[PDB]
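As structure tokens, one chain now follows by itself in the form deposited in one PDB entry.
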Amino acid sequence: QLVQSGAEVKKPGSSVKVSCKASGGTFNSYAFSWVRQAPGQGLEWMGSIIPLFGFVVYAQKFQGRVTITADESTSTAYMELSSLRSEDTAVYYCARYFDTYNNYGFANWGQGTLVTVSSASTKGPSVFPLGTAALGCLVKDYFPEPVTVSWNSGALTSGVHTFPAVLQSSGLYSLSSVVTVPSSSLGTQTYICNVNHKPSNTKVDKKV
């Protein structure tokens, strides 16, 4: 149903617009709210719009900096935070409610949007490849979060295990991923892991 725009990096003082295209019903009978979650902390309700009426209510910590808008022609609600500081670095959620008349709870959520507020440079990733047997993949010296490793451009699920990234003292991230196969499926299928670092917009593969 809900799907939000990609992760982003914003310089301190900049602005950011986050989209959230809904799908699967009448858009004017929706109610929307924007919830954010700082890394490691709980959820924080920012605002709420009802597309039918075309106006918003904001939590007073956000009054002025945040602007929310829907767009019935595109079935999409927007969140825009301005005057950015590092305490706004969080995953931003699109959350719809009033699934039914008496359901005031947020029934549907988006996937989330990792917004990173940083005055540092966006460096791209450096990709290196790696009684059963199992192989892997490596992503090193990038910034910032996140990266998502795919396998075979989709054909995998039954044995994939992506690991969290390390934070070097240089201020860069390094990430690893692995899988599993029978040792009789060696030269049976050629393999490719897709590594996308959307902030720097890097789409690179690598075979083993």
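The term rigid core refers to the most C-alpha atoms you can superpose between the two forms while keeping them within 1.5 Å. Heads up: residue numbers just count along the shown sequence, starting at 1.
According to the PDB entry, the deposited sequence contains 4 to 9 residues between residue 130 and residue 131 that lack coordinates.
The mean Cα B-factor in the deposited entry runs higher for 119 to 127 than for the other of 90 to 98 and 119 to 127. Set 162 to 170 against 66 to 74 and average the Cα temperature factors; 162 to 170 ends up higher.
Residue-level inspection of the entry shows that, of 185, 14, 23, 19, 185 has the top Cα B-factor.
Across 146, 54, 154, 42, the greatest Cα temperature factor reported in the deposited entry is at 154. In the PDB entry, residue 38 places in the middle third of its chain by CA B-factor. Compared with the other modelled residues of the chain, the Cα B-factor recorded for residue 4 ranks in the lowest third. Compared with the other modelled residues of the chain, the Cα B-factor recorded for residue 60 ranks in the middle third. Among all modelled residues in this chain, the alpha-carbon of residue 114 has a temperature factor (C-alpha) in the lowest third. Among the modelled residues of its chain, residue 135 has a C-alpha B-factor that falls in the highest third, as given in the PDB entry.
The discussion below concerns the form deposited in another entry, not included here.
Once the rigid core is overlaid between the shown form and the other one, residue 70 does not reach a Cα shift of 2 Å, moving by less than that.
With the core held fixed between the shown form and the other one, residue 184 has its Cα displaced by at least 2 Å. In the other entry, the separation between the C-alpha atoms of residue 146 and residue 115 grows by 3 Å or more relative to the displayed form. Relative to this form, residue 9 and residue 202 separate from one another in the other entry, with their C-alpha atoms ending up at least 3 Å farther apart.
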